[PDB]
There are 4 protein chains.
Amino acid sequence: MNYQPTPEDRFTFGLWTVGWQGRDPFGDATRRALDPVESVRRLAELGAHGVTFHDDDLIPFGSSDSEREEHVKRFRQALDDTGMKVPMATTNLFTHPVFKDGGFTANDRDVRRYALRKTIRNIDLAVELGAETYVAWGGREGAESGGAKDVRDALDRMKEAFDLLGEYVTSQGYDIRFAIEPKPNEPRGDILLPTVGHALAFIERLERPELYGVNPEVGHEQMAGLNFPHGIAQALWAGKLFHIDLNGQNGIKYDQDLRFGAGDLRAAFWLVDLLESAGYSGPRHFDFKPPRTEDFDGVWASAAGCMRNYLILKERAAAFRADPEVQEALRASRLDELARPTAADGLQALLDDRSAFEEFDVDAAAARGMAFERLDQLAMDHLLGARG
Amino acid sequence: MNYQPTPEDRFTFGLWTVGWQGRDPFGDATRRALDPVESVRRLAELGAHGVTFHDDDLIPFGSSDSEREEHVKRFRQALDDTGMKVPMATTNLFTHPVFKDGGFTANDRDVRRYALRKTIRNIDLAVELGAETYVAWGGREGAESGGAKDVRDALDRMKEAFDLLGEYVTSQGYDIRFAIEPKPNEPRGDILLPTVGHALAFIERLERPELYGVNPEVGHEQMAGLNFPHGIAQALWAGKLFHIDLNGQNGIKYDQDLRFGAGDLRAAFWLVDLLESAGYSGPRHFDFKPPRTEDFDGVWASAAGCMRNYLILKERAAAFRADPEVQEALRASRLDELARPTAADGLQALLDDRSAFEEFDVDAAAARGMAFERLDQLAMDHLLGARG
Amino acid sequence: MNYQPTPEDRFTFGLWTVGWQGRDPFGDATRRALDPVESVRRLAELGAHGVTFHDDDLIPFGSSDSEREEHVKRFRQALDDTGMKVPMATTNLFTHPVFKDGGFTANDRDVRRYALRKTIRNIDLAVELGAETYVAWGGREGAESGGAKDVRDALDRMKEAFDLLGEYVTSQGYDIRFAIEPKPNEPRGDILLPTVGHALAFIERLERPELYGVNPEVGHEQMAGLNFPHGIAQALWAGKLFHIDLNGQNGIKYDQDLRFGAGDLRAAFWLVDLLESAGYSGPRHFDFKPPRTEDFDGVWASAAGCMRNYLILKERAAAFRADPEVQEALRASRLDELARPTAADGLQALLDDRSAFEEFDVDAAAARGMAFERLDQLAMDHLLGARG
Amino acid sequence: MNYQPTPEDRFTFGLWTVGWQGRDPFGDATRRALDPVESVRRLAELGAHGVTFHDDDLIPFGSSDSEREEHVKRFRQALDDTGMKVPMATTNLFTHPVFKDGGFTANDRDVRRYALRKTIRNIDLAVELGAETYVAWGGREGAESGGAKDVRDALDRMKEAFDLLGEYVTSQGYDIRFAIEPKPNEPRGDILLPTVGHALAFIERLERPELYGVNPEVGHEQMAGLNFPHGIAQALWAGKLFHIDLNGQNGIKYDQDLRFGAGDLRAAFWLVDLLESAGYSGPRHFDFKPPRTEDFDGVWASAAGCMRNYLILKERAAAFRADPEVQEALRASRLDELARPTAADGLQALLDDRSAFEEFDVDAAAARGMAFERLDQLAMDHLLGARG
Ligand code: NI
Ligand code: NI
Ligand code: NI
Ligand code: NI
Ligand code: NI
Ligand code: NI
Ligand code: NI
Ligand code: NI
């Protein structure tokens, strides 16, 4: 068993992840800044497929049009030198004090207009660099108090913003799709579109829903105590999993962004099983923060660990589904029956089917055990490589 | 200030609420069963508008077709005697052991067929009694372990079930709509459609989405640590708030179903403000459990408290919105600007607007305080009746 | 690698665990009751060391003094027939409606007196059967509302109860110790002594603290989002880990009592590592509920899984600590330095040590990485059996 | 009803609270720094009694011995000019990168020695300024991963540190006591001594326990989903409430530090009731952060709101306890009986009391309702000023 990643595994990382300097709400940075070129090179050596960026990670805020040009050219050369791709980009609408009440849903109308112009400028840059997905994380869209934000008006403003971005992309003929990244809270007390479900429901109200999907993050759904593989299954069912952010989280608390596989390990196993079996073909993107206890050697070790843990879990999930004892257990728990229509015979035949009600033996049905505990222990054995 | 409810306030209660005998997972019942007729009469005396029921609350499971007839006739006479209405009904698909792996998404296909027939039978009864809304709470739809439930297949089965019920209602020409009640967990480890957002997104995939809305419950969204007024605002924005369940919950733990106003009192204030200001016109339904510490006098006191606390909060929220100091504060925090379109001028004019980017003074914008803390203290003063 | 338990592994189970009939707050029992004799025999065949009981699990509430005698004799014969031991016993002070406001801290004084007499009667029975530890879980001690319970008076009543039980045991010359089992909530809204920490602090205020320790349960500390291995380390540090309850829990929600190893698997690994390395010598007791989806075959599979997962994790934790690469990593992260006194030289020498402050190079110290991410990935590799 | 604070209400604020510049983990500061002298003056005008500080709030880290002298003299003059007191001080052992793995429990021994010297230096300064309480918040004491911290060794190091500080204070003859401030997590993944209970238990293992108490913070116990008034009652029962930090928190999430009265309003009511009725005489200290949405006018409004909400709740709790209808309800719920000993007659008389068991009517006892819901609605009415 060797678990070395290759660019064909499509592992990607944000510039902001390995480049996080370790500033947290109670302390100063513990690491120096990383040159984006440096990160691209180090990640390529680790076996990564590509990188992602916020506008402000690549071009420092307030850069002159020409300093801009210069930063991009250096970056493009590093991409050329290494074979690294840029599959996704996003906008920083949360760090600058002007976004303290939000970007697209700020109460001040002039700030909402600025937020849109800042976004459109980076969409152009993303397309140039070849990105196929443009992510939006509305980190400042929300409130700490009840009267500060009329949420129906804010949702109108949010729809207005995304509809305009969709108009722009279509008018320019760009081949790029949008992905909304939910988070329930932090840094705002409550953030709008707090879960995968709220984001999926919102998308259905946009003018061109086909251009929008979700970019769920493992830790964010877990901050609401939700089951991440279930949420991803709903997103896949809807045809809306455009991208995904992988990391780890230990429960309901502040957003930890631990390396993937840390946090809830069994959820990571069921997630990998689902992604691989559904044939998800997008990037396996890591949105994580190497802990501020680490020096740069620790940063690269943490990034390598993300990829390693994905490949180990992939191997264990494949072994699980391939095991004939597990296929027998699946039939014993009637997963095969779950996949069959309830009533392909139609409503009238169901209504006339006396075996469905009048003469249904409910006591016999109730006595049938589901055998889920044996199945789950087979999954545990596979995960731990303890199959005897 | 007098806070007496009248049937015009549209307060409703489930039979199962005041009739809960106090059985919990660690203990026996502490109260005798209540005769549904008794409950209808006592609730009418308290000023309630009507009652709701599960099929099994009104007709004990396994009743003969004629015992059935008899239970309904007694109930109808109590409704006639008191003027009480029956605006909503629902199905019990969770108590009987045959539903231990779910009703609509049970792995066993014969159980899913039985679940549909049990539901259809009660829809007929609901229409007869005049209900306008039929609620579905999929309490057993979910799993304790990862391999027990393929969630895409389960969502296919769930869609299949709701599509069939919609076919039935339309074919019968019934004027009744469906409302899905989300809950994140309990009694299953994770329940499918765990929040208002997931339910709204699911509805958009049904064949006739116009027949389906949500029935959110205060405590259930709070079990995921979510902001209930925000979720209700999203549901109103979508035109899908068909019904609502009011109660109290203290945080992320087991489903407490405390009387309304208990639990998170400020959230109750912002909820009432939103409902009243959005002109929600459905029932104000209480889905609550009088604590098992109480005798029947305590049960009626708890039910009266539900209604009282709604009317006090209604008065305080109205006073808040009517106060000219608060209207000035709202303008100071630019709630008026939030309600104005960001770019009614259109995309091209936004792109050509140099005041939106090239010459936007971001530092000046960032320095503007939002004045949210003064506004929130005005709301606190109003809530506590301390306005000086 | 074979993972078969033997009675020498000291695995124990409560009668109430495999015997749980599957009644939950939303549904009826799905399994018939188990005869305690049946359970003892089945558990012995699985490799268990012994069983535990509540008074009411073994002798149905309200039994005549002679029916009592009969139930105990049958039980003792099953113990004799199988070699099974009874290391712990406890009292049911939560199921009967008379305990709806608590046992030791009920507001009614006559109920508190009854609670003490019911307890003392079972202590006598526990000693007869050879138990060394008597557990107290104050499941009903607490409140749903603020005014219902003066908590200082309730703590006085709680101390009074435990002091009296300690007087009784000493006066009778019994060799038995007490263990308090914390839980933060459920079935009460908030339960008194909600965590391992509150229980340890309370014990220090009893008249004979040496007779009392804690019986922490994995899932219960996790219901407060706490780190269970940390809490156990504090209990070991204090010399108060008298017993332990092993199971699994997925986060902050209702008390799931899943089989051990389910729920937070990495926490289970760090717990086993700590128990084995601290040389904890008491029973490895499982307080778990086989899910109500299961028939009796599923019940025994779930119980076997508890033991299996302990032995797999024991093997992986031992391999981790024995690996020379891990010992090197531990030194690299300065775990050796953590175990050395900070200032064995004493206060004055610390005050006079200029290398401790005046001439301490804080920048050099701050630049040293802790190398925790490499260490944690070594632990992950060991846990998953992926060491290359 | 007028709710103006005076210095006699003993309201205090940390320099770091109104002086928080609004830097959060996702964004830059939104406010300029405040001169400590400026804060003292503004707080005095608001009616505050005094201020508290971390060493680094008052003297910027790395200050020369003489720059030090200068900062203190300016501060002392502002205190003299306004009549403001300094009742508590504390050490910053969390911001500087050298504390990234902790201060007292850092794995590096030289960092632990530095942490102690930095603390001792500020204790001297605290005594000079008249502080009576010295707080310790071990924000960096903890871990993100299982192997990084042996918690028994860390607790040995923690005890060693506090024992040395107690030696120092006694040797110097200072009249100052220590208060440990628990927090469950953030900025570390898990923090040692995570709740009031763990801190109380730890204190009992110090060499001179009488010198140490707790400084609980409303939001911190709520981050573990615990009931703060209950925890404070346990701390009062133990004689260990040396100080308290007041603020608001909405549930289990990141540490919000909202103004007092925000967050869980009913918990704030029950807390004030308990503090006032137990005659707590220390400072009413606010550890809060004015939201980063605010300008300086908003900062002062938020600080004023802290004090206002305390005085409103004080008035409502006093009215509640003074109301004869409430005293009757308290007797009806048998709070009077809770305060009476269970068995002042002693163990033998309890054992011989047949009314306690043999002839106890359990059914009659069980039928008695506790009347807690009526009592809680009286408390609600009082809180909302709706008593009819
Ligand atoms: Ni995150
Ligand atoms: Ni992300
Ligand atoms: Ni509920
Ligand atoms: Ni409900
Ligand atoms: Ni439990
Ligand atoms: Ni237990
Ligand atoms: Ni805090
Ligand atoms: Ni604090």
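Residue numbering restarts at 1 for every chain, and letters A, B, ... go by the order of the sequence lines. Whatever order the structure lists them in is the order used to number ligands and atoms, beginning at 1.
- Exactly one of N247(C), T17(C), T52(C) qualifies for a side-chain contact (heavy atoms from CB on, under 4.5 Å) with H285(C). That residue is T52(C).
- Put simply, the side chain of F104(C) reaches to within 4.5 Å of the side chain of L165(C), judged on heavy atoms.
- The name of the N, O or S atom in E217(D) nearest to the Ni ion (ligand 8) is OE1.
- Taking the N/O/S atoms of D245(C) in turn, the shortest distance to the Ni ion (ligand 6) belongs to OD2.
- Of the candidates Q222(C), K289(C), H220(C), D255(C) forms a side-chain hydrogen bond (donor to acceptor under 3.5 Å, both in side chains) with just one, namely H220(C).
- Atoms OD1 of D257(D) and NE2 of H220(D), as seen from the Ni ion (ligand 7), are separated by an angle of 170°, to the nearest 10°.
- Minimum-distance N/O/S atom of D287(D) relative to the Ni ion (ligand 8): OD2.
- Among the backbone and side-chain atoms of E181(C), an N, O or S atom lies under 2.8 Å from the Ni ion (ligand 6).
- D28(A) and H96(D) share no donor-acceptor pair across their side chains, judged by distance under 3.5 Å alone.
- By the 4.0 Å N-to-carboxylate-O rule, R259(D) lies close enough to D376(B) to be salt-bridged with it.
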